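In the structure tokens that follow, the same protein chain appears in two forms, which are kept apart as structure 1 and structure 2.
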Structure 1
């Protein structure tokens, strides 16, 4: 479930984007703990919200840019803290977490003392994508939750279950996925900047 390549105009079609990222919450099951259940629910809830908006008028909401532009017009001063704009503001952070996490694993980043954990990789991704938006209590909850993360080898095997591929092949496929995925996330973040749609409030 690769993302589509970016067109020259860098516009991201909403329908296909939603279809693609809808495949990402299931992989949370690959972490193997109920600790990750509310996480999968938050990301799913963002996707549901954006889809619900889109479905009201797919042509009006053809692209993610259209969502922001249209909602900016539709709403008052509560924008961008409303609607699919808010849902995508949070979704992009989760998407970026996943991106940074996977990229870190693929790049061979590891605690040389504990080379088969994924805590360093998840911590980096958390720092880069989400931490700034969490108050100290939520940050404490993340640090605790990371102990529930699987072994690296197990996580990777879970990502390729049934395919009977080597770890090296699994990582090559992740790297392939990361190309259009990273590009797409980067464009989304830049659009939030350009539209002055980004907020910095903590939860």
Structure 2
């Protein structure tokens, strides 16, 4: 399974190449939601992955780790850093990754609206509220909240995730949990790197 992330090494330095390779399998899974109304969250994650790749691909040795990108871009472009280039793209990407995490985890934990137990709208909304909303002005909130309102049925979403293979609903859930392990750990380290490096900005778009 190629969306599975590597374990963290002991020094916690995330290698850019394998990271980019693994998360770039995430955007296509937005199609499992069904609707093309979710293209805003999908396209955003995607675009940020591409911008980080654009920098990385110019010089994989120098941009070997995620930390390298931040330190090097600070050297190249001190006045505007961290509001620059791949540093900024990763700043936004982590929030989108956290959104996905907290969404999936909430599903696995079995949180639900008792009034609408086969939807995943509460899961999406809680994910958006904790990960992204505080960084979005009203117009972008309008866009993201319209789309969450097309959240599919839980059973459909899970059936869709496990297409091509023969796997029960709680086998599919077991697979989500497994993915969440190194995925969650990596996200935590990215957030922590942003705080440690004074790279975190809180403006709204």
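We call the rigid core whatever largest set of C-alpha positions still superposes within 1.5 Å between the two forms. Residue numbers count along the first chain shown, from 1.
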Original post:
Core fitted between structures 1 and 2: which of 142, 27, 151, 177 shows a C-alpha shift of 2 angstroms or more?
Top reply: 142
**OP:** Determine, in Å, the CA shift of residue 76 between structures 1 and 2 after the rigid core is used for superposition.
**Re:** 2.4
Original post:
In Å, how far apart are the CA positions of residue 40 between structures 1 and 2 with the rigid core superposed?
Top reply: 1.6
**OP:** Quote the shift of the Cα of residue 99 between structures 1 and 2 to one decimal place in Å, the two forms being superposed on the rigid core.
**Re:** 0.3
